[PDB]
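K.L.:
The structure under discussion is supplied below as structure tokens; questions concerning it will follow.
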Amino acid sequence: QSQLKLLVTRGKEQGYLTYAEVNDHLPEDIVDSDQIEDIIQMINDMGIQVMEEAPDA
Amino acid sequence: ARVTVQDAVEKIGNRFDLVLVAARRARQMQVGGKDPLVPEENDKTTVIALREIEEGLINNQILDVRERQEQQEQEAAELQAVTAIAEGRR
Amino acid sequence: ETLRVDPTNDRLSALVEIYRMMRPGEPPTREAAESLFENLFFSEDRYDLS
Amino acid sequence: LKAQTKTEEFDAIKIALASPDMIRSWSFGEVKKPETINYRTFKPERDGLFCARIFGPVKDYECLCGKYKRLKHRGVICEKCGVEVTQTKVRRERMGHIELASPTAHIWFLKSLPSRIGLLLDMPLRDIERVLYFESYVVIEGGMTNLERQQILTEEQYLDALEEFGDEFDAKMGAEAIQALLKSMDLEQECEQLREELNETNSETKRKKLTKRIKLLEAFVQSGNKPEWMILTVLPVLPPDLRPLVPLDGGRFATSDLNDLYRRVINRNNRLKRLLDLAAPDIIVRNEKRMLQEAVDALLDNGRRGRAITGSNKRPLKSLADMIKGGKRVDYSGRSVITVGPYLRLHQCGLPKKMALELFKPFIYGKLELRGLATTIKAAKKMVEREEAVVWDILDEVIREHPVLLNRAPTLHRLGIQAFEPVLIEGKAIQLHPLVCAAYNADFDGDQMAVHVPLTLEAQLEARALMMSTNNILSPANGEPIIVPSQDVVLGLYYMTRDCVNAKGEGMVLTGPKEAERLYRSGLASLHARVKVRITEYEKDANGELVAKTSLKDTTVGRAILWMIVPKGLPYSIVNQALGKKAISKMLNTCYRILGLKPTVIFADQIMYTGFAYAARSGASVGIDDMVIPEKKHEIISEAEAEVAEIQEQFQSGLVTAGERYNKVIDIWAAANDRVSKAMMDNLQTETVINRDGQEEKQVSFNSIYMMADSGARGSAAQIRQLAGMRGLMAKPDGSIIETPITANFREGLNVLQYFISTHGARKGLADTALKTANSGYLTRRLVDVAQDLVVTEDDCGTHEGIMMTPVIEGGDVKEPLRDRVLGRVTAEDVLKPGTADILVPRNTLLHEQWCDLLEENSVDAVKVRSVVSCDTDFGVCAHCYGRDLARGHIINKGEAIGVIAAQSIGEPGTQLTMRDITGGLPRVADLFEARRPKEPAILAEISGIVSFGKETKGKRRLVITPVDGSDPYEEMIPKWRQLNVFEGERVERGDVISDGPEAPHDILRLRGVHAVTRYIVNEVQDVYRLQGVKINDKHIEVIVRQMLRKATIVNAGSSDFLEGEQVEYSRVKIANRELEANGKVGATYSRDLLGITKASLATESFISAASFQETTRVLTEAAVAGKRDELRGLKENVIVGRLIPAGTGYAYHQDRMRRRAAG
Ligand SMILES: Nc1nc2c(ncn2[C@@H]2O[C@H](COP(=O)(O)OP(=O)(O)OP(=O)(O)O)[C@@H](OP(=O)(O)OP(=O)(O)O)[C@H]2O)c(=O)[nH]1
Ligand SMILES: [Zn+2]
Ligand SMILES: [Zn+2]
């Protein structure tokens, strides 16, 4: 709900891929070097359909 | 063909095949049986082949045919040795 | 509106939330959760506007 | 009966997962010790990371100990230490392996966007797949009671479920648990049941995940790879030489980070092995397993999770993947500062003596030993090392007809590297021909170029028949000449015209060459008078040949003498009768099209020599009094300031809108600027008075600066306007304009204020320049990456359809015609004629036959022409459909390389593009090629029907238009925002405008048509070059748009699985092989799909070519999953492999090899 709606509605498509934005709108412990790659992989490349492969994952 | 080389392409379309066949002929001259057709005049083997192609002689079919004759000359004229070897292993 | 979206309700939960935000790992205590926030904007050895 | 077992020729390479036994096949031993080199003896340990028995010997042919030394025992291993004494390069190729205790997951197939180990198993990645193998939550491996098959349990749930049942549903946890999970998985039976279930009564609410996984599962099962290999139990080792520890200077070894990784994984793995033999505390052993996982994951691919460290460096360690995720130095090369060489020809270059000496070193050696002189090879070395005069003469022989190709730093297009004939020059700098100094975009600011020596025989001929400067007369981008004379030479030839009245003139007539004697012998001037002479012209017609034509024309001294340079043909005189400006290139152009290559080249050399010589004779300089300021300057300024004063006074007393008086006063200073500019130009242009016979007359100023301006030679109106006139409205950092323009000029003094204002323009100018210069190449890379695979093949196919070419006319409301866009184009079919006959079918519009399209009057302004956009070709490009536009006058040779040349030509003028309902600039070009939807896209009628409102705002909603007619309706969605253009009841056509706004290329291609969308892109991309004034042929744009429309989408029912969007390549080749195969009903109908350059380049057959530009870690992995193979026709992927390129000089090789690979 929160993560899905915020990610999708905001990123349309953030133009310059504003990375420093939604990473703060994410819960749990931050400043990790793990969740970094899981966001730079979904925004571009396989556009549209990738944004549906993200939530399901 | 020190400056086109363009006068040779219309003799055999697509400059690329021109380079191939010319390199082929130049390969024959630089190493092995030389014997140029157009007078050397102190020119490298690179251009000599191009001048020949421009002259009208030495093309693709020409070289292939002369290669056929070359093979029929090396093989058929020296078969006395190979035939003697054919009886080697029965 | 800021208060409406604020999980914390007192001083303890606030310092604990900050301690968990700054140093994500070890379980926030009493001394650590306080000393950490104090050594951010209220200590010369950890903060100085010159 | 072949079946050879050696390292011969390969036709393709395959990529897939590797079994533990597969790893053993590479294993030349097992690393068992973290030890590397000895602390004292500096000798490779027994079974360490640098073993001698496992990998390779240190020295070449002597073993570790020394029982055997020379080549005596090259096949026999040592007795005391099993060391195969072969080479030292063996140490570079030998593999080896490490066999871990407990199973370990491969970091790539685990966490790399899609969970390959998860998606194949259908299980959450960093959520469930993490907690079950990190020793936390046990997982099930198939249960026939209460428990499913892939649920997650806790230790409490485990023991509870074990107590309820147990001993009949055993399911471990950790690595080996996931191993048994993948192993137990049956791809076949699941492939069947999934096909069954995911097809039973389900709309578009499920079909997504259904088709996705089923295609993925089918791919994996067909790949051949077993899911067991997903997590490795045996980890191979990289050769020591590819990660050595070489001693540097005075001790201080230098090793690779991989040694640290392998050492760590070896340590943790050994402790894990030891713990599984001693006391076995569950927590300790399980932790060591997680630590082993850490080591392995760090070694394979660091990334990615915290980043392992150590090694004293605060920076991370370069893992295996990091060494292959993200410039080819070459022998026989050099570089130096360039210098102008006027006395040189068009096919020659100034090559330094010492430089050329070191370059052809091996050739000098061989030639020396060939003739005599040097007794041996080393004798030649000692003979050239001691430059002994005679060696130089030998050098003059080796560099005789051995072409050397030059190259400049910014390589935008094909003319970045051009070949020349080496000419020895006593100096240490490289001289270049000033004509081809424009193609390089090179200046003599201190710029330096590089030189390469074509070693191969066919490489020399390649440089002579292709890369030779004489073969690059015309630009690949635009058919116009590229070696056209520039500043100095054109200025000279401009001075050789310029008819001046009287002044040692008179009509003293002679006969051409004789006039030369008149010029040197003084008496007469040079720029007179006019004067008449006998010109022997030459023309040809119909049956070619030559037809003389002696006459008496009224030229000048310069024109007469300059006429000698003109070749046999040409209209003569009239080409010289003009002047020197832009026709200077026109003359060169016509000379090429009516004569040929060689004549054009020698003509270029002659006009260059003549230009330079007479330019020096002229002595044109630039004094301070050459830039004469207008007398009406202060008058105009005062009048303008008077007007603005009145406006300011009005603003003081209200009246006029003070909110925008800023704009209107700007118009005042802007108008005033035009007044000063017009005044200065009208002054500096004509002037003079002379004194012809009875005196009193007017010509045009001989004012040096004007002479430079009216003859190219770097001198524009704006620059001159700033020299004597004034610098107009200046820009402000806010983006606004200052209401106080630079009244002064460079001829005059400049106040500190206005200069501190101009510094902003200069700063932003250099800054913006630095951006667009790199941004241009940034676009070029995408262009090339997407297009560098298509090559003109299969000679000339059929087909007649093609975009109807028409002159780009803005003349609808502004008047601007351009009708030269049809030339060297192959005609579709006899494009009519106001009567009958005329144009043939496949007849390519000649350069002289395009001028025949003017004899058919202005009535005929539309001709159908075959283009690369259409063309019923398969995996190439029809020769006819392309064109001919090259440095060559004929059609493109079969097997060229249209892609790269097209991309280069497009991204070449990118340097001169100003970035910003009109965006404009480079960014506009990028957006057009990427096919991006506008910020306010218009809407069109998909099917022709009757426009009517579909429930006024009843959703949701927002208005709704429903064009219904014939059969079936459509309900589009209008979001209230933005109005309309068609009232209710009115009828529309198939693709009518109902928003009157920015059009989206996707909608155009989808509805309007391919010809329409391609016409849109080309006519919209040109409009941004029109303003920038950069000429570029439409062919290349059509070329990139060709593969820009590479893939499509099928919508019906056929051998292809419906929803899959595939390229029209396999589509067309398969639809042609189905209408006459079994039945046309076993295939569907496709629909073209517009996709951007990036999106198009993303899709490609080769996995190696893909591994090039896009993210390697992704493509390599996914290509590893399914048994894919590159085989192997791509240009890019065939470059890194180091073989002949499937194009140009190659192609024939690839063609023969391609047909050769049909036997099996
Ligand atoms: N088209 C053509 N030209 C040839 C051929 N052989 C020689 N040339 C010309 O030879 C000219 C150079 O003559 P030289 O400078 O004296 O060198 P050579 O000693 O003549 O060598 P050579 O025996 O002829 O092969 C070039 O001048 P340029 O006028 O081109 O240089 P440019 O127009 O810039 O003056 C070439 O055009 C040929 O087979 N075909
Ligand atoms: Zn030994
Ligand atoms: Zn075609």
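So you can find residues: chains in the structure tokens are A, B, ... in the order shown, residues in each start at 1, and ligands are numbered from 1 in order.
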Can you pull out every residue with an atom within 12 Å of ligand 3? Use only C-alpha atoms and all ligand atoms and format it as a ChimeraX atom specification.

P.N.:
/D:791-802,826-828,842,865-883,1042

K.L.:
Write out, as a CSV table (one decimal), in the first residue's frame, the residues just selected, with C-alpha atoms.

P.N.:
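In the end it all went to again17.csv:
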```csv
chain,number,residue,atom,x,y,z
D,791,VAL,CA,25.0,-3.8,-43.4
D,792,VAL,CA,23.9,-3.4,-47.0
D,793,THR,CA,23.5,-7.0,-48.3
D,794,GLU,CA,21.7,-9.3,-50.8
D,795,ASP,CA,22.6,-6.8,-53.5
D,796,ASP,CA,19.3,-5.3,-54.6
D,797,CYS,CA,15.9,-6.8,-53.5
D,798,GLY,CA,12.5,-6.1,-55.0
D,799,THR,CA,9.7,-3.9,-53.6
D,800,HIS,CA,8.6,-0.6,-55.0
D,801,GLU,CA,6.9,1.2,-52.0
D,802,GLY,CA,8.7,4.0,-50.3
D,826,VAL,CA,16.8,4.9,-56.6
D,827,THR,CA,13.3,5.6,-58.0
D,828,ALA,CA,10.3,3.5,-56.8
D,842,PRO,CA,14.5,1.6,-60.6
D,865,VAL,CA,11.6,6.9,-53.8
D,866,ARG,CA,12.8,3.7,-52.3
D,867,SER,CA,14.2,4.1,-48.7
D,868,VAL,CA,15.8,2.1,-46.0
D,869,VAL,CA,12.6,2.7,-43.9
D,870,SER,CA,10.7,0.3,-46.1
D,871,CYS,CA,12.6,-2.3,-48.1
D,872,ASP,CA,11.4,-5.9,-47.9
D,873,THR,CA,14.9,-6.9,-46.8
D,874,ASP,CA,15.6,-9.3,-43.9
D,875,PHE,CA,18.7,-8.8,-41.9
D,876,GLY,CA,20.4,-6.1,-44.0
D,877,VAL,CA,19.7,-3.3,-46.4
D,878,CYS,CA,19.0,-3.2,-50.2
D,879,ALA,CA,21.6,-1.3,-52.1
D,880,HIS,CA,19.0,0.4,-54.3
D,881,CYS,CA,16.8,1.4,-51.4
D,882,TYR,CA,19.7,3.2,-49.7
D,883,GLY,CA,21.2,5.6,-52.2
D,1042,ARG,CA,14.9,1.7,-39.8
```

K.L.:
Residues within 9 Å of ligand 2 should be enumerated using only C-alpha atoms and all ligand atoms and returned as a CSV table (one decimal) with N, CA, C and O atoms, in the first residue's frame.

P.N.:
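Final output, out-v2.csv:
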```csv
chain,number,residue,atom,x,y,z
D,62,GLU,N,62.5,-25.0,-16.3
D,62,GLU,CA,63.1,-25.6,-15.1
D,62,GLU,C,62.0,-25.8,-14.0
D,62,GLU,O,61.2,-24.9,-13.8
D,63,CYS,N,62.0,-26.9,-13.3
D,63,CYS,CA,61.0,-27.2,-12.3
D,63,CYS,C,61.2,-26.4,-11.0
D,63,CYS,O,62.0,-25.5,-11.0
D,64,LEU,N,60.4,-26.8,-10.0
D,64,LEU,CA,60.5,-26.1,-8.7
D,64,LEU,C,61.8,-26.4,-8.0
D,64,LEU,O,62.5,-25.4,-7.7
D,65,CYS,N,62.0,-27.6,-7.7
D,65,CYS,CA,63.3,-28.0,-7.0
D,65,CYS,C,64.5,-27.8,-7.9
D,65,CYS,O,65.3,-26.9,-7.6
D,66,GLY,N,64.6,-28.5,-8.9
D,66,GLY,CA,65.8,-28.4,-9.9
D,66,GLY,C,66.4,-29.7,-10.3
D,66,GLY,O,67.5,-29.7,-10.8
D,67,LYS,N,65.6,-30.8,-10.1
D,67,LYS,CA,66.1,-32.1,-10.5
D,67,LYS,C,66.2,-32.1,-12.0
D,67,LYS,O,67.1,-32.8,-12.6
D,68,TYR,N,65.3,-31.4,-12.7
D,68,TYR,CA,65.4,-31.3,-14.2
D,68,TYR,C,65.5,-29.8,-14.5
D,68,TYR,O,64.9,-28.9,-13.9
D,69,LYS,N,66.2,-29.5,-15.6
D,69,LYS,CA,66.5,-28.1,-15.9
D,69,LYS,C,66.1,-27.8,-17.4
D,69,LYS,O,65.2,-27.0,-17.6
D,77,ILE,N,57.0,-35.2,-15.9
D,77,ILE,CA,56.9,-34.5,-14.6
D,77,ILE,C,58.1,-34.9,-13.7
D,77,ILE,O,58.7,-35.9,-13.9
D,78,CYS,N,58.3,-34.0,-12.7
D,78,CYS,CA,59.5,-34.3,-11.8
D,78,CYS,C,59.2,-35.4,-10.8
D,78,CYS,O,58.0,-35.7,-10.5
D,79,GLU,N,60.2,-36.0,-10.3
D,79,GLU,CA,60.1,-37.2,-9.4
D,79,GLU,C,59.8,-36.7,-8.0
D,79,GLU,O,58.9,-37.2,-7.4
D,80,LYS,N,60.5,-35.8,-7.5
D,80,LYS,CA,60.4,-35.3,-6.1
D,80,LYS,C,59.2,-34.4,-6.0
D,80,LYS,O,58.5,-34.3,-4.9
D,81,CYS,N,58.8,-33.7,-7.0
D,81,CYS,CA,57.6,-32.8,-7.0
D,81,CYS,C,56.9,-32.8,-8.4
D,81,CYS,O,57.5,-32.3,-9.4
D,82,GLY,N,55.7,-33.4,-8.4
D,82,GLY,CA,55.0,-33.5,-9.6
D,82,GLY,C,54.7,-32.1,-10.3
D,82,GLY,O,53.6,-31.6,-10.3
D,83,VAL,N,55.8,-31.6,-11.0
D,83,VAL,CA,55.7,-30.3,-11.7
D,83,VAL,C,55.9,-30.5,-13.2
D,83,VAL,O,57.0,-30.8,-13.6
D,84,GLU,N,54.8,-30.4,-13.9
D,84,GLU,CA,54.9,-30.5,-15.4
D,84,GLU,C,55.8,-29.3,-15.9
D,84,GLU,O,55.3,-28.2,-16.0
D,85,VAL,N,57.0,-29.6,-16.4
D,85,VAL,CA,57.9,-28.6,-16.9
D,85,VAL,C,57.6,-28.3,-18.4
D,85,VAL,O,58.2,-28.9,-19.2
```

K.L.:
Go ahead and compute the interatomic distance for CA of residue 621 in chain D and CA of residue 491 in chain D, in Å to one decimal.

P.N.:
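Going from CA of residue 621 in chain D over to CA of residue 491 in chain D, I get 11.6 Å.
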
K.L.:
What separation in Å, quoted to one decimal, exists between CA of residue 608 in chain D and CA of residue 489 in chain D?

P.N.:
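Separation of CA of residue 608 in chain D and CA of residue 489 in chain D: 5.6 Å.
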
K.L.:
Any residue with an atom at most 12 Å from ligand 1 counts, using only C-alpha atoms and all ligand atoms. Which are they? Put them as a PyMOL selection string.

P.N.:
(chain B and resi 1-8+38-44+47-55) or (chain D and resi 342-349+400-401+420-421+423+433+435+469-471+565+567+596-609)

K.L.:
Might you pull out every residue within 8 Å of residue 29 in chain B, with only C-alpha atoms counted and same-chain residues fewer than 6 positions away left off, and present them as a PyMOL selection string?

P.N.:
chain B and resi 35-36+45

K.L.:
Find the residues near residue 28 in chain A: any atom within 12 Å, counting only C-alpha atoms, skip ones fewer than 3 places away on the same chain, and give them as a VMD selection string.

P.N.:
(chain A and resid 23 to 25 31 to 32 35) or (chain C and resid 17 20 to 25)

K.L.:
Can you check which residues of range 306-453 of chain D DSSP gives as alpha helix (DSSP H) on the backbone and send them as number ranges by chain?

P.N.:
D: 353-359, 361-371, 377-385, 390-398

K.L.:
Quick check, in Å to one decimal: how far apart do CA of residue 12 in chain C and CA of residue 47 in chain C lie?

P.N.:
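Between CA of residue 12 in chain C and CA of residue 47 in chain C the gap works out to 22.3 Å.
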
K.L.:
Using only C-alpha atoms, which residues sit within 8 Å of residue 45 in chain A once same-chain residues fewer than 3 positions away are excluded, as a compact mmCIF listing (two decimals) with C-alpha atoms, in the first residue's frame?

P.N.:
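Result written to result_19.txt:
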```
# COMPACT_ATOMS: atom_id res chain seq x y z
CA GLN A 41 17.51 -1.88 -11.22
CA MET A 42 13.77 -1.21 -11.39
CA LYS D 1095 15.07 0.62 -25.80
CA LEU D 1098 18.76 -2.97 -25.25
```

K.L.:
Calculated over only C-alpha atoms, which of the candidates A:22, A:5, A:13, A:55 has the smallest distance to residue 36 in chain A?

P.N.:
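Answer, going by the shortest atom-to-atom distance: A:22.
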
K.L.:
Which of these residues is nearest to chain C, using only C-alpha atoms: A:29, A:44, A:7, A:56?

P.N.:
A:29

K.L.:
Find, counting only C-alpha atoms, the residue in A:18, A:1, A:12, A:57 that gets nearest to residue 40 in chain A.

P.N.:
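Of the candidates, the smallest distance to residue 40 in chain A is held by A:18.
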
K.L.:
Using only C-alpha atoms, determine which residues lie at most 12 Å from range 736-745 of chain D, disregarding the query and same-chain residues fewer than 2 positions distant; provide the list as a PyMOL selection string.

P.N.:
chain D and resi 627-630+633-638+640-641+644+648+661-673+676-677+719-734+747-758+760-761

K.L.:
Near chain A, which residues of chain D fall within 6 Å when you count only C-alpha atoms, and what do they look like as a list in words?

P.N.:
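Listed by rising number, the hits are residues 304, 305 and 306 of chain D.
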
K.L.:
So which residues touch range 16-25 of chain B within 8 Å, counting only C-alpha atoms, skipping near sequence neighbours fewer than 6 positions away, as a compact mmCIF listing (two decimals) with C-alpha atoms, in the first residue's frame?

P.N.:
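The resulting part.txt:
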```
# COMPACT_ATOMS: atom_id res chain seq x y z
CA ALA B 8 39.69 0.30 -60.65
CA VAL B 9 36.43 -0.14 -58.74
CA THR B 46 50.92 -2.65 -53.07
CA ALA B 49 48.51 -5.11 -58.47
CA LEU B 50 46.18 -2.10 -58.69
CA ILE B 53 43.69 -4.32 -62.51
CA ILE B 58 44.55 -9.81 -63.53
CA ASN B 59 41.05 -9.99 -62.05
CA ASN B 60 39.27 -12.49 -59.79
CA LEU B 63 43.65 -15.43 -60.80
CA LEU D 457 49.45 -6.27 -46.88
CA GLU D 458 45.68 -6.00 -47.28
CA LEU D 461 45.55 -1.59 -49.54
CA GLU D 462 42.70 -0.87 -47.14
CA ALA D 465 41.65 2.19 -51.35
CA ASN D 893 29.16 -0.93 -52.28
CA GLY D 1144 33.64 -4.09 -45.42
CA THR D 1145 36.81 -5.95 -46.37
CA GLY D 1146 35.35 -8.92 -44.51
```

K.L.:
Out of B:31, B:76, B:57, B:84, which residue has the shortest atom-to-atom distance to chain D when counting only C-alpha atoms?

P.N.:
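Once distances to chain D are computed over only C-alpha atoms, the minimum belongs to B:31.
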